[PDB]
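Just so you know, structure 1 and structure 2 below are the same protein chain in two forms, each on its own as C-alpha cells.
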Structure 1
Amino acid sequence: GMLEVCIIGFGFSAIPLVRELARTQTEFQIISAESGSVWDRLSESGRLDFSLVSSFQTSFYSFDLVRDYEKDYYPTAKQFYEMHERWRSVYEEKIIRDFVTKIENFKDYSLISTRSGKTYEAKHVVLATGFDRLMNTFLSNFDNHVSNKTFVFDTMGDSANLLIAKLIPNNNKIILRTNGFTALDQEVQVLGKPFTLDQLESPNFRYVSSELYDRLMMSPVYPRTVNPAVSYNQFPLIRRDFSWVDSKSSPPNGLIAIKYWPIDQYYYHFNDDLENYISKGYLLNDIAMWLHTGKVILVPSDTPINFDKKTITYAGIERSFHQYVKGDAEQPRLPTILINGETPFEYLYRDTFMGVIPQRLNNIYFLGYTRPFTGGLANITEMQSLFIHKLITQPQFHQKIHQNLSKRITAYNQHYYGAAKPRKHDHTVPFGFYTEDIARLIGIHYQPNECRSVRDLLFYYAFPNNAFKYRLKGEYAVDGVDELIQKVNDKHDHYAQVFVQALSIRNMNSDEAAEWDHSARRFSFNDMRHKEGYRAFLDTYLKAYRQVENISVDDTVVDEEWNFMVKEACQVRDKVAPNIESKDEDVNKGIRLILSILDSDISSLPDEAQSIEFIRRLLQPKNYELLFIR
C-alpha cells in the first residue's frame, strides 16, 4: 500500500505529468511549498507588468492550445501566471503544502522528509522545483524611481534585457561589459506576415545533413557575413568566443540567445493603442535599437573597474555607477538526495539522460531543468512529462531505457557536446531537437518514409516540432489537435516559406548561405537598416511609457562623458554603416512551385527540375541515426 508517485514542486512544469497520471488513475501525491514561486512574488508586489519572450504555441500546453488558440501572440506575464493559478486550482486537493528538505533513495522507493517533520514513502519521485535565480530580486523588488544613473552589467540575458527595457525610459545609461551575447528578433516579417523565430527553424532538416542544417541556421549567430547592416559587424564587441563548440549538431546544446522585440515589429503590433499595450506588459526591449541610439554601450570584458570607488575606466574615463549587476549562477532547487540513503547525490546536467533521469538513483525523475534555446518551456516540459509518465506507468519502457542508461548518456553527450567540458549552460537545447528526441524515444515520432504527398513533407520537415505536433495520434493523443494543426497550417501557408529556405541553400557553401541570408531588404535578425526610421516612434514610445508609469524626466541634461564613451563605443559603426549598399526573389518562386505541387505524390515525382529530385530524396534522409535511441 505504498504511494506510487510523489511529485515535489507544483508551478508550471508539473502540470502535464499530473494530467497524465490522473488519466491513467496512477496513485500520486504532490508536495509543494506554501510560499509558491517568483510568479507569486511578482503578483504580490504588482510587478506582472511584462510579457513572455516566447510564442503562445510554444508556451502554453497542447490541452490549453486546442481550446484557446485563434492566432499567434506573445502572452503577458499576467496571462502566464493566471494559467498557472487555473491549473493549481484544478489539482489543489492533491497538493500537500510543505517543503521537502531531504530525499533518501533506496533500491525501489524513497523516503521524503519535510520541514513540518512529516515523512512520505513513494516508489517514484518527480522533482519539478524549478531554479533559484539571483536576478529575480531585481525584477520583484528593485525600484523605478532611479534616473540618470549608470548601470554596469557583466552579463546579458533575458532578465538583464527586461531590466534594461524598464531602466532606459528613465534616461539610465547602460554599460554592458561582456564576452559577447547572441540576441535574436523574437518576430520576423515573411512576405508581410509575422512569424515568431521558433516557427522558422524546420529542425528535422538536420536529418538530411548536419552541414545543410548548419548553413540554414547559424549565419545570424556566427560572424559569417561581411554585410555591414548586421549588428555583429556594426558592434563587434557583441561577438562571442564559440571555440568551446565540439559538436556537428547546430545550433549546439549550450548556446543561449536573448529574444527581443525589434522596433519595426513592435510598431506593427502596438502603434494603434500604445499606452494600453505598454500597461499590459508589451515593453520595447530592442537591444539593437539601444546600441544604434547609444542608450546602451558595449565595452571590452577586461575593461578595468574599481568596486570600492564604484568606477569603470573606459575612453580614458574613470566612470562612476549606481549599480553593478553580476548575472545569474542559475541552478536547480534540489533538496539533498542521499544515494542508498547514505551518499549525497551530485547534480550535473550531462550526467542525466535527456535532463530527466539521473544515474545512481532509482525511480527519481527531473522535470523542468532543460531550457529551450528558443520558444517557451512548455514544449520541453510537455514532452518530458510524457517520457516520465511512460517510465512510471510502463515497466517494459522503464526497463528498455534503464538497461543501457550509462551507454545512452555517453552516446547523447558524444552527439551533442563531443569533448567539450561541462558548461553552466549545458542544460540549453534546441527545442525542435529535444522534442523530436523524446518523441522518438517514446515512439510517438513521425517516419519520413511514411510521407505520401508534398503536403506531408511540409508537415514532417517544416511544421515546428512543438509538443502538440506529437499529440495528434497514438499513445498521448489530445482531443482537438487535428483542428489546431489545421488552423496553424491555414494561417502560415503550411510553412512552405520555411521549406523553400532549405531548398534554396542546398547547393551553397556556408559563406554563400550567409550572404544569401542577408540579401533581403530586411533580413530576419539584427538588421540595423531598420532603426533610424523608427526614432520618431521611439520618442512616442518613451512618452507613452512615462505616462503609463507616472514618470517625469526632461531630456535636456547632457552627459558629455557618456557621449565620449558612446562615440568611442560606436567607432567601428561610424566606419562600417556608410558601406551599406536574392532571398526575397528566390523565396517567392520557391513558394509558387511548392503550393502548386502540394497534393502531388512524392515517390512518383519525375526525374526547379533538381529541386524536385531533392524533394523526392526527403523520403530517405541519410542523417537519421541517433545512437542514444538505437
Structure 2
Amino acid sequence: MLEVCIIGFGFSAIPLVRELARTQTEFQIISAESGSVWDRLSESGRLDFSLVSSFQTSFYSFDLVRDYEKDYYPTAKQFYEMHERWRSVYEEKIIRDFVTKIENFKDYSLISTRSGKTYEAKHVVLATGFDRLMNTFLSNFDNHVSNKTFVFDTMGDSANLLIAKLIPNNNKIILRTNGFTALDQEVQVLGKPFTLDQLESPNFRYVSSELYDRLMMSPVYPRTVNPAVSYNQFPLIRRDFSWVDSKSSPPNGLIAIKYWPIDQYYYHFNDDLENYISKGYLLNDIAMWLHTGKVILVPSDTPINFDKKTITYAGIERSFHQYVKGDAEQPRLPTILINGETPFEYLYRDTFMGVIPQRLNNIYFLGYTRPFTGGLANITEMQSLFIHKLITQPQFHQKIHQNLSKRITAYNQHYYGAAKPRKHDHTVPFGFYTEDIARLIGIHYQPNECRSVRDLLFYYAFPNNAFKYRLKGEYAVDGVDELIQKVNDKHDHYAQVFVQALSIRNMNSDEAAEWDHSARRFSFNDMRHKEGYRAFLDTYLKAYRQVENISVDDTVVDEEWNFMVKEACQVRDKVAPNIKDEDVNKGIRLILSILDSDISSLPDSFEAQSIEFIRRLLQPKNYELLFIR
C-alpha cells in the first residue's frame, strides 16, 4: 500500500517532498498537466513583476544557505525559475493527472482522477493552492488601455499590482472600499535597509500581550494624531476592527498590502531605472498615488450605476471602463468523502494549525495558511516539517491526534476568541505561526537557555524565519550556521530591533504611538516623503512607458479627474498644513557593548532599569500556549 500521496506540486509541497526523500519514505505526487497561474504568466510573458516579500522569507532554507548574499525582493521570474528547478528534480515522482475525488477510510484513502486511474494511499497531503478571482486580470491583462477609469471595491496585493500597471497609462483609479492596511515593505533604520518582516521581534509576545501590542499596532490602528500618517490625511483608509476579540496582536485574520515607498524605490533603483523596471521592479506606492491623486478613496456607498457604468462623485457622473470586484480566494480542494460517503466541509478554524482536519484520517493540508507579512516559504517550510513528523513518527501522530479537538478549541480561544469565522481567518503573523509549529515539533529555542546578551538578541530579535529552526536538531539543514552568521553581520545582530522593545516597556499605547511617529521618517505611510519625489515619479513614468513601448500624451489633461481629486483630498488639504533616533542610537551602543555579557549575573539597579528588564527576559511570564501543553 502506497505510504504517501501528495496532490498538487507547485511551491508549497517542495520542502515536504525533500524530507520524505531524505527518510526514504515511499511517496507518489499527482499534479495537473495544466500547472499554476505562474505557468499562465510565463506562457504569456507576464512574469514582469516582483514579490512583496523578502528573499529570506520567500525561498526555502536549502536554497538560502547556497544563494543568500544580501536582502532583496525576488522577481516573479526568479520565483517561477525556482519552482521549475525543484519541479525538474522531482518530475519522475509526479504523475500528471487531476484528482476529482478522495474517499477517506479508517487508515487509507481512495484517490480518483480525471483519467480514471485510482490510487490507494495511507497518508494524503493536499498542496493544491487557491482559486483567486483576480488571477484573470493579471494573466489576461491589457496594457494598451489608457485614459480609462477603474473602480476597485477591495484593496489587496493583487489590486495594488494591477494599479501599478494602470497608472503609467494615465488610467484613473477609484477605490470604493471599507479601508485597508498598507505597509512600506522596506524601512530605513538609521540609514540602513530593513524589510518590515525583520522588525517584528515576535517572541516579545512572551514578555506580555500589552507590550507586543504597543510594539506593533500603531501603524495599523489609528493611535497617533501625527498629521504626517496616511490614516490621518486620508481617513477613508481606516478599517472597522470591531471584529477583533483576541489579546494576540496583531490578530489572526488581519491582511495588509506591502508596497515600495517611493523613497526606498529611488534608493534601490534610481541608477539603472529602465533596466530595473524591465526586471519587474514596479513602483506600487499607494501612499504616493493618494498624495498625487492618481488614486482616490471614495466612501464605500458612492453612487455607482452598473447599467450605464458611471460613478457619481461630487457633481461629476464619471464613466468607468471596469469595476473590479474583491478578490475571493478558496482552497482548490477536491471532493473529500468522510468514511467514503459524507462530503467534508472545509473551514480554516476547524483544522489544527491550518494543517490537520477533523473527521478525516491521515489527510493533511499544506499551503492554505497565509502569512500577515513575509513570504509563504516561512509557513510552508514549517508546515512541511510538521506533516513529515506526523507521517513518519507514529508517536508524534498519536500525541497531536489524541486531544486534536481540544488543541483546536484552545488555538481558536487564544487567536480568535468569540469572533465568528471570517474569510481571512487563514492569515497569521508569520513569527507566531513558525514559533507555534517549532514548539509543537520540539525544534524551538528555550529562552531560559540564553547565556549571553548575544543569545537574547538571537532569541527575541532575530526573525522567526523557518531556517532559524533548522540550525540544529531533528530538521537541521547544512549551511544554516554560515547563513545566520551572514544575516547577523549584515543587520548588527538585530540590536536596533531589540532596543525598540526596551524603549517602550514603560509607555502606554498612546505614548508608544506618538514615540513611533516622532522620527524624521517613521516606518509606515509617512506622507512627508512624497512631494520631494514628484520629479522622480515623472522620470519613473517616462521610463515605464519606454520599457513597455507606450505613448500617452500628458499634454492632454483630464479636467474632470482634477476636479474629483480636490473633493477626495479635502481632509489632506486641512491636516497636512499642521506638520526617538537619539535614544535608539544610544540604546544600540549600550547593547552592542554588552554583547558577550552573562545575563543571569547582570547587576541590580533608562540605562539601569533596561539592564533589569534584560535579565527578566530569561523568565518570560506569557510563555504558555495551551494548544501545545
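The term rigid core refers to the most C-alpha atoms you can superpose between the two forms while keeping them within 1.5 Å. Residue 1 is the first residue of structure 1, and the numbers go on in sequence order from there.
For residue 395, the Cα shift between structures 1 and 2 is 0.2 Å when the rigid core is held fixed in the overlay.
Core superposition places the Cα of residue 314 1.5 Å apart between structures 1 and 2. In the core-aligned comparison between structures 1 and 2, the Cα atom of residue 558 sits 2.4 Å away from its counterpart.
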